[PDB]
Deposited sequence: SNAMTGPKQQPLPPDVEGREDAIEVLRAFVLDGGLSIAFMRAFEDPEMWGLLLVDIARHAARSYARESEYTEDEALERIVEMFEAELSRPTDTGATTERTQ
């Protein structure tokens, strides 16, 4: 196609034109990994909890579509993979200011 950039997601329709909508995060898969953009604000721990739950459940639904797993089994598998990765030591930052 004629696009010169990445395969982006469009703004959700309920966000379009809304001055009060703030983008929390954008995540891209690139070179066998992830590149993520986060907003500066924290807001509250519950929002991050909601975001995690929404992503996990969405992933489980999609995984169950594309596999032999039920949605429950898919979610269990995703949580197992999450836990294995969470266990990795974080032993191994830059800033730009103007």
Deposited residues without C-alpha coordinates, grouped into stretches that follow sequence order
1, 94 to 95
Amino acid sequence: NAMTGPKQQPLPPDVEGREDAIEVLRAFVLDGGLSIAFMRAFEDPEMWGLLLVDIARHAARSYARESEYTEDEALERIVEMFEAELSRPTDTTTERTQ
From here on, numbers count along this sequence of modelled residues.
Can you tell me which stretch has the higher mean Cα B-factor, 83 to 91 or 17 to 25?
83 to 91
Take the C-alpha B-factors listed in the entry for 31 to 39 and for 60 to 68, compute each mean, and give the stretch with the larger one.
60 to 68
